[PDB]
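Structure file entry-v9.pdb (PDB, C-alpha atoms) follows.
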```pdb
MODEL        1
ATOM      1  CA  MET A 620     108.491 111.885  92.175
ATOM      2  CA  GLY A 621     104.862 110.803  92.596
ATOM      3  CA  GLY A 622     103.260 108.901  95.386
ATOM      4  CA  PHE A 623     101.307 109.301  98.592
ATOM      5  CA  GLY A 624     102.604 111.955 100.965
ATOM      6  CA  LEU A 625     102.225 110.708 104.523
ATOM      7  CA  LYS A 626     102.530 112.401 107.898
ATOM      8  CA  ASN A 627     103.114 109.062 109.652
ATOM      9  CA  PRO A 628     104.627 106.768 107.022
ATOM     10  CA  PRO A 629     105.434 103.087 107.529
ATOM     11  CA  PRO A 630     108.168 102.600 110.118
ATOM     12  CA  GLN A 631     111.734 101.946 109.112
ATOM     13  CA  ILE A 632     112.891  98.427 109.940
ATOM     14  CA  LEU A 633     116.500  98.052 111.028
ATOM     15  CA  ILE A 634     118.502  94.871 111.563
ATOM     16  CA  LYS A 635     122.035  93.991 112.644
ATOM     17  CA  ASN A 636     124.245  90.996 113.320
ATOM     18  CA  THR A 637     124.996  90.940 117.026
ATOM     19  CA  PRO A 638     128.788  91.103 117.477
ATOM     20  CA  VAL A 639     130.549  87.962 118.659
ATOM     21  CA  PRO A 640     134.080  88.702 119.901
ATOM     22  CA  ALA A 641     137.012  86.411 119.262
ATOM     23  CA  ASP A 642     139.101  84.840 122.010
ATOM     24  CA  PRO A 643     140.041  87.520 124.549
ATOM     25  CA  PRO A 644     143.553  87.654 125.999
ATOM     26  CA  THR A 645     144.186  86.179 129.418
ATOM     27  CA  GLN A 646     145.534  89.410 130.906
ATOM     28  CA  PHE A 647     143.047  92.223 131.351
ATOM     29  CA  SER A 648     142.921  95.233 129.033
ATOM     30  CA  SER A 649     140.467  98.126 129.140
ATOM     31  CA  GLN A 650     140.707  98.963 125.432
ATOM     32  CA  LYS A 651     137.886  98.075 123.069
ATOM     33  CA  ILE A 652     137.685  94.596 121.608
ATOM     34  CA  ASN A 653     139.008  94.955 118.078
ATOM     35  CA  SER A 654     138.820  91.393 116.753
ATOM     36  CA  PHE A 655     135.506  89.641 116.132
ATOM     37  CA  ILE A 656     134.281  86.501 114.393
ATOM     38  CA  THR A 657     133.325  86.988 110.759
ATOM     39  CA  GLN A 658     129.697  86.035 110.227
ATOM     40  CA  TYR A 659     126.588  86.938 108.251
ATOM     41  CA  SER A 660     122.944  85.923 108.189
ATOM     42  CA  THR A 661     120.060  85.196 105.848
ATOM     43  CA  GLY A 662     116.384  84.341 105.926
ATOM     44  CA  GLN A 663     113.009  85.021 104.393
ATOM     45  CA  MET A 664     110.869  88.133 104.818
ATOM     46  CA  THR A 665     107.276  88.801 103.804
ATOM     47  CA  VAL A 666     105.156  91.901 103.209
ATOM     48  CA  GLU A 667     101.374  92.068 102.973
ATOM     49  CA  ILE A 668      99.695  95.279 101.796
ATOM     50  CA  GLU A 669      95.954  95.944 101.750
ATOM     51  CA  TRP A 670      94.953  98.288  98.947
ATOM     52  CA  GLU A 671      91.631 100.085  98.531
ATOM     53  CA  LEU A 672      90.521 100.864  95.005
ATOM     54  CA  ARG A 673      87.896 103.039  93.339
ATOM     55  CA  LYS A 674      85.528 101.190  91.033
ATOM     56  CA  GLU A 675      84.988 102.553  87.529
ATOM     57  CA  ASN A 676      81.590 103.487  86.109
ATOM     58  CA  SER A 677      81.674 105.279  82.767
ATOM     59  CA  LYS A 678      78.874 105.414  80.244
ATOM     60  CA  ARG A 679      80.953 106.366  77.202
ATOM     61  CA  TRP A 680      79.844 104.400  74.168
ATOM     62  CA  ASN A 681      83.091 103.682  72.342
ATOM     63  CA  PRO A 682      85.998 101.513  73.515
ATOM     64  CA  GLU A 683      89.012 102.818  75.406
ATOM     65  CA  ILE A 684      92.761 102.597  75.258
ATOM     66  CA  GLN A 685      94.055  99.813  77.470
ATOM     67  CA  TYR A 686      97.400  98.315  78.343
ATOM     68  CA  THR A 687      98.206  95.400  76.070
ATOM     69  CA  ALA A 688     101.181  93.090  75.869
ATOM     70  CA  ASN A 689     103.285  93.841  72.840
ATOM     71  CA  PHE A 690     101.523  92.429  69.758
ATOM     72  CA  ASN A 691     104.770  91.371  68.176
ATOM     73  CA  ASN A 692     106.609  88.071  68.080
ATOM     74  CA  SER A 693     109.959  88.293  69.830
ATOM     75  CA  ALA A 694     113.042  86.286  70.693
ATOM     76  CA  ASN A 695     112.232  86.826  74.382
ATOM     77  CA  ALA A 696     108.757  87.197  75.845
ATOM     78  CA  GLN A 697     107.796  90.402  77.616
ATOM     79  CA  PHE A 698     108.489  90.673  81.351
ATOM     80  CA  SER A 699     110.127  87.257  81.349
ATOM     81  CA  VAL A 700     113.446  85.533  81.914
ATOM     82  CA  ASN A 701     115.942  85.031  79.075
ATOM     83  CA  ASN A 702     118.294  82.132  78.260
ATOM     84  CA  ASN A 703     120.924  83.260  80.761
ATOM     85  CA  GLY A 704     118.378  83.435  83.578
ATOM     86  CA  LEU A 705     118.015  87.213  83.899
ATOM     87  CA  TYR A 706     114.613  88.814  84.466
ATOM     88  CA  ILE A 707     113.985  91.789  82.174
ATOM     89  CA  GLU A 708     111.317  94.489  82.470
ATOM     90  CA  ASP A 709     110.201  95.869  79.121
ATOM     91  CA  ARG A 710     108.104  98.916  79.947
ATOM     92  CA  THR A 711     107.373 101.318  82.747
ATOM     93  CA  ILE A 712     103.603 101.082  82.835
ATOM     94  CA  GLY A 713     101.752 104.235  83.704
ATOM     95  CA  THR A 714      98.472 104.087  85.526
ATOM     96  CA  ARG A 715      96.485 106.404  83.245
ATOM     97  CA  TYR A 716      94.489 104.810  80.422
ATOM     98  CA  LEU A 717      90.783 105.009  81.209
ATOM     99  CA  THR A 718      89.294 108.377  80.317
ATOM    100  CA  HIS A 719      87.259 110.523  82.688
ATOM    101  CA  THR A 720      85.334 113.729  82.071
ATOM    102  CA  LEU A 721      87.114 116.875  83.196
TER     103      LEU A 721
ATOM    104  CA  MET B 620      77.821  80.074  63.031
ATOM    105  CA  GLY B 621      78.623  80.084  66.756
ATOM    106  CA  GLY B 622      76.330  80.509  69.676
ATOM    107  CA  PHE B 623      74.333  78.612  72.259
ATOM    108  CA  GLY B 624      72.323  75.687  70.931
ATOM    109  CA  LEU B 625      69.016  75.536  72.778
ATOM    110  CA  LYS B 626      66.282  72.921  72.965
ATOM    111  CA  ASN B 627      63.723  75.511  74.108
ATOM    112  CA  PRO B 628      64.942  78.841  72.732
ATOM    113  CA  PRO B 629      63.326  82.215  73.412
ATOM    114  CA  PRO B 630      59.835  82.415  71.932
ATOM    115  CA  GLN B 631      59.179  84.171  68.671
ATOM    116  CA  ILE B 632      57.176  87.371  69.082
ATOM    117  CA  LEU B 633      54.704  88.176  66.328
ATOM    118  CA  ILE B 634      52.708  91.361  65.782
ATOM    119  CA  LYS B 635      50.155  92.611  63.264
ATOM    120  CA  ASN B 636      47.997  95.626  62.513
ATOM    121  CA  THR B 637      44.389  94.600  62.995
ATOM    122  CA  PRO B 638      42.535  95.170  59.702
ATOM    123  CA  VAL B 639      40.067  98.044  59.556
ATOM    124  CA  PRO B 640      37.746  97.762  56.541
ATOM    125  CA  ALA B 641      36.636 100.744  54.509
ATOM    126  CA  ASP B 642      33.008 101.731  54.019
ATOM    127  CA  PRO B 643      30.995  98.644  53.052
ATOM    128  CA  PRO B 644      28.355  98.840  50.323
ATOM    129  CA  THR B 645      24.724  99.178  51.301
ATOM    130  CA  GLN B 646      23.613  96.038  49.466
ATOM    131  CA  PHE B 647      24.841  92.746  50.864
ATOM    132  CA  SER B 648      27.647  90.753  49.254
ATOM    133  CA  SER B 649      29.182  87.511  50.493
ATOM    134  CA  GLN B 650      32.582  88.055  48.866
ATOM    135  CA  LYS B 651      35.589  89.014  50.956
ATOM    136  CA  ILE B 652      36.169  92.636  51.862
ATOM    137  CA  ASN B 653      38.875  93.806  49.486
ATOM    138  CA  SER B 654      39.307  97.462  50.450
ATOM    139  CA  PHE B 655      40.758  98.507  53.803
ATOM    140  CA  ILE B 656      42.065 101.678  55.423
ATOM    141  CA  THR B 657      45.788 102.240  55.001
ATOM    142  CA  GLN B 658      47.466 102.453  58.389
ATOM    143  CA  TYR B 659      50.655 101.580  60.249
ATOM    144  CA  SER B 660      51.907 101.689  63.818
ATOM    145  CA  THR B 661      54.956 102.479  65.915
ATOM    146  CA  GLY B 662      56.133 102.387  69.502
ATOM    147  CA  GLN B 663      58.981 101.507  71.809
ATOM    148  CA  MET B 664      60.160  98.029  72.793
ATOM    149  CA  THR B 665      62.627  96.936  75.456
ATOM    150  CA  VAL B 666      64.704  93.820  76.117
ATOM    151  CA  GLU B 667      66.438  92.876  79.355
ATOM    152  CA  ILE B 668      68.885  89.956  79.406
ATOM    153  CA  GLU B 669      70.548  88.502  82.499
ATOM    154  CA  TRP B 670      73.977  87.079  81.743
ATOM    155  CA  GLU B 671      76.065  84.816  83.967
ATOM    156  CA  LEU B 672      79.821  85.040  83.615
ATOM    157  CA  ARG B 673      82.835  83.012  84.709
ATOM    158  CA  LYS B 674      85.393  84.934  86.738
ATOM    159  CA  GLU B 675      89.038  84.748  85.688
ATOM    160  CA  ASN B 676      91.853  83.593  87.966
ATOM    161  CA  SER B 677      95.208  83.106  86.265
ATOM    162  CA  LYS B 678      98.585  83.189  87.941
ATOM    163  CA  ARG B 679     100.695  83.826  84.840
ATOM    164  CA  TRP B 680     103.380  86.390  85.565
ATOM    165  CA  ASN B 681     103.565  88.409  82.359
ATOM    166  CA  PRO B 682     100.880  90.662  80.861
ATOM    167  CA  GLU B 683      98.313  89.528  78.314
ATOM    168  CA  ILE B 684      96.920  90.642  75.005
ATOM    169  CA  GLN B 685      93.802  92.732  75.469
ATOM    170  CA  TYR B 686      91.367  94.577  73.264
ATOM    171  CA  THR B 687      92.402  98.190  72.836
ATOM    172  CA  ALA B 688      90.880 101.052  70.906
ATOM    173  CA  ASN B 689      92.923 101.872  67.852
ATOM    174  CA  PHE B 690      96.035 103.796  68.955
ATOM    175  CA  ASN B 691      95.924 106.044  65.941
ATOM    176  CA  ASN B 692      94.528 109.512  65.388
ATOM    177  CA  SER B 693      91.704 109.489  62.864
ATOM    178  CA  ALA B 694      89.263 111.739  61.061
ATOM    179  CA  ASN B 695      86.421 109.814  62.726
ATOM    180  CA  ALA B 696      86.569 108.182  66.142
ATOM    181  CA  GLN B 697      86.108 104.437  66.456
ATOM    182  CA  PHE B 698      82.572 103.089  66.889
ATOM    183  CA  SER B 699      81.145 106.584  66.583
ATOM    184  CA  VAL B 700      78.940 108.730  64.382
ATOM    185  CA  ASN B 701      80.372 110.723  61.462
ATOM    186  CA  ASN B 702      79.507 114.186  60.098
ATOM    187  CA  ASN B 703      76.508 112.916  58.140
ATOM    188  CA  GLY B 704      75.040 111.220  61.208
ATOM    189  CA  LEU B 705      75.766 107.579  60.353
ATOM    190  CA  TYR B 706      76.967 105.142  63.014
ATOM    191  CA  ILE B 707      79.940 103.057  61.869
ATOM    192  CA  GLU B 708      81.345  99.879  63.424
ATOM    193  CA  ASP B 709      85.083  99.494  62.930
ATOM    194  CA  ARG B 710      85.873  95.951  64.017
ATOM    195  CA  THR B 711      84.221  92.645  64.714
ATOM    196  CA  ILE B 712      85.569  91.962  68.178
ATOM    197  CA  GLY B 713      86.248  88.365  69.027
ATOM    198  CA  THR B 714      85.879  87.129  72.553
ATOM    199  CA  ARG B 715      89.225  85.328  72.843
ATOM    200  CA  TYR B 716      92.155  87.277  74.296
ATOM    201  CA  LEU B 717      92.954  85.976  77.770
ATOM    202  CA  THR B 718      95.109  82.860  77.686
ATOM    203  CA  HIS B 719      94.293  79.632  79.497
ATOM    204  CA  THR B 720      96.336  76.471  79.940
ATOM    205  CA  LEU B 721      95.360  73.630  77.638
TER     206      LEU B 721
ENDMDL
END
```
So, in terms of structure tokens, how does the structure I just supplied come out?
Amino acid sequence: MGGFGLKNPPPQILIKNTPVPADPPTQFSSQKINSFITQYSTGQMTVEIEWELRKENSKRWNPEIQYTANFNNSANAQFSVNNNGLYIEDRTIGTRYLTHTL
Amino acid sequence: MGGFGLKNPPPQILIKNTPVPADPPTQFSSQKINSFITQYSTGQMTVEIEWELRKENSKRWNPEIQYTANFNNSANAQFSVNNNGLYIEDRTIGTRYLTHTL
């Protein structure tokens, strides 16, 4: 599907709500505790990647194809939110534009 | 016409073929020397400019218009020489693409 094959990829990160049981009966029972307190959780996360990139030196004379926002007027701008508040991606953008000698 | 107005612009550079007179007569004459030896000259020149440029930091989310080589197939490539050997410029390329807040 494309990508970087890794022997030792980034570690999976797993999270759970710790169970909080509801009021236990007064008499003892060895069976599992069936009833819990309904709860959920929320909070912010952040991810910081450091990328290394190969600089481009090409002596070709004439200009190259490059990615350009669509040249047309439109009811909704490209890669932007619409009236209802929904973010819309117009195109899958490949990485291959700049030419290189074979 | 656009450009950089300068009080002290780059100096004009002026060049001439030094005159070489033809064979003078044996008797003296005070009039100017009319006849010279036809000659011309040639050689390489070079110019080296150092340009300073303002880096671009813009936090807009969506992509921008950029200059792109014409997307079409053609009998002759853009900004390239043709069969007869003549270099042809397709477009005057303005400098204004990237947006900036007013």
The PyMOL selection byres ((chain A) within 10 of (chain B)) - which residues does that actually catch in the file I just gave you? List them as a PDB file with C-alpha atoms, in the coordinates of the input.
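What follows is the written file result.pdb:
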```
ATOM      1  CA  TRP A 680      79.844 104.400  74.168  1.00  0.00           C
ATOM      2  CA  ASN A 681      83.091 103.682  72.342  1.00  0.00           C
ATOM      3  CA  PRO A 682      85.998 101.513  73.515  1.00  0.00           C
ATOM      4  CA  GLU A 683      89.012 102.818  75.406  1.00  0.00           C
ATOM      5  CA  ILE A 684      92.761 102.597  75.258  1.00  0.00           C
ATOM      6  CA  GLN A 685      94.055  99.813  77.470  1.00  0.00           C
ATOM      7  CA  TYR A 686      97.400  98.315  78.343  1.00  0.00           C
ATOM      8  CA  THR A 687      98.206  95.400  76.070  1.00  0.00           C
ATOM      9  CA  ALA A 688     101.181  93.090  75.869  1.00  0.00           C
ATOM     10  CA  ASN A 689     103.285  93.841  72.840  1.00  0.00           C
ATOM     11  CA  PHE A 690     101.523  92.429  69.758  1.00  0.00           C
ATOM     12  CA  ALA A 696     108.757  87.197  75.845  1.00  0.00           C
ATOM     13  CA  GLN A 697     107.796  90.402  77.616  1.00  0.00           C
ATOM     14  CA  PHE A 698     108.489  90.673  81.351  1.00  0.00           C
ATOM     15  CA  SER A 699     110.127  87.257  81.349  1.00  0.00           C
ATOM     16  CA  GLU A 708     111.317  94.489  82.470  1.00  0.00           C
TER      17      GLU A 708
END
```
Atom pair CA of residue 659 (chain B) / CA of residue 637 (chain B): separation (Å)
9.8 Å
Chain and number of each residue from the PyMOL selection byres ((chain B and resi 635) around 12), as a ChimeraX atom specification
/B:632-634,636-638,658-661
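Here the PyMOL selection byres ((chain B and resi 718) around 9) catches exactly these residues: residues 677, 683, 684, 715, 716, 717, 719 and 720 of chain B.
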